[PDB]
Amino acid sequence: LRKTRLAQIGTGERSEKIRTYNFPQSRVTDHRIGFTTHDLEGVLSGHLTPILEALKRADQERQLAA
RNA sequence: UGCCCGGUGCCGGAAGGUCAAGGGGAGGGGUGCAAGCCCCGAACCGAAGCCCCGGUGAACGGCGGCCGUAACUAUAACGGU
Ligand SMILES: [Mg+2]
Ligand SMILES: [Mg+2]
Ligand SMILES: [Mg+2]
Ligand SMILES: [Mg+2]
Ligand SMILES: [Mg+2]
Ligand SMILES: [Mg+2]
Ligand SMILES: [Mg+2]
Ligand SMILES: [Mg+2]
Ligand SMILES: [Mg+2]
Ligand SMILES: [Mg+2]
Ligand SMILES: [Mg+2]
Ligand SMILES: [Mg+2]
Ligand SMILES: [Mg+2]
Ligand SMILES: [Mg+2]
Ligand SMILES: [Mg+2]
Ligand SMILES: [Mg+2]
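Residue 349 in the authors' numbering sits at position 65 of the first sequence, and the numbers go up by one each step.
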């Protein structure tokens, strides 16, 4: 349970970031897939289904052998 | 060579409370014609000891429980009771 958490949380530094929420520019970027939206008020309210599907896509595009 | 004198010890305290023999004798009782003889007896006075108020540990001795809380987990300097 510990080695697995540190595989996810790490040190918690500013880097190691997975997804930035920039309020001044109403932007929400997810750096693993190259996806950004601008519905920040909607993202921080629950409408995350866009980014998840966008993540699932690159995951299925990842599972391409060989 | 720390903290606890509530308990036991010892030390201190001419106040107060309790307190024995004794002092005292309100008031009774036995008997006798009686003078009387005999008995009981309340208040009150009346030590040490004990109570009571203090002190005291290189005197007898005693020196907690539960619950929470910090940049991963853990722990908990910290908080509550
Ligand atoms: Mg000692
Ligand atoms: Mg003591
Ligand atoms: Mg003592
Ligand atoms: Mg004492
Ligand atoms: Mg004394
Ligand atoms: Mg006598
Ligand atoms: Mg007497
Ligand atoms: Mg007498
Ligand atoms: Mg007498
Ligand atoms: Mg007569
Ligand atoms: Mg006395
Ligand atoms: Mg005593
Ligand atoms: Mg005492
Ligand atoms: Mg003791
Ligand atoms: Mg003992
Ligand atoms: Mg923690």
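Heads up, the beta-carbon is just placed ideally off N, CA and C, and yes, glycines get one too.
8 Å Cβ cutoff met for residue i and residue j
| i | j | result |
| --- | --- | --- |
| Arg303 | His315 | yes |
| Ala349 | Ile317 | no |
| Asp323 | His331 | yes |
Those residues which DSSP pairs with residue i across a bridge
| i | result |
| --- | --- |
| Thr295 | Answer by DSSP bridge pairing: none, since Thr295 is not bridged. |
| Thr288 | According to DSSP, which records beta bridges pairwise, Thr288 is partnered with nothing at all. |
| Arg303 | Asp314 |
- Message: Would you call the region 304-313 in contact with the region 286-294, where contact means no fewer than 3 C-beta pairs closer than 8 Å?
- Response: no
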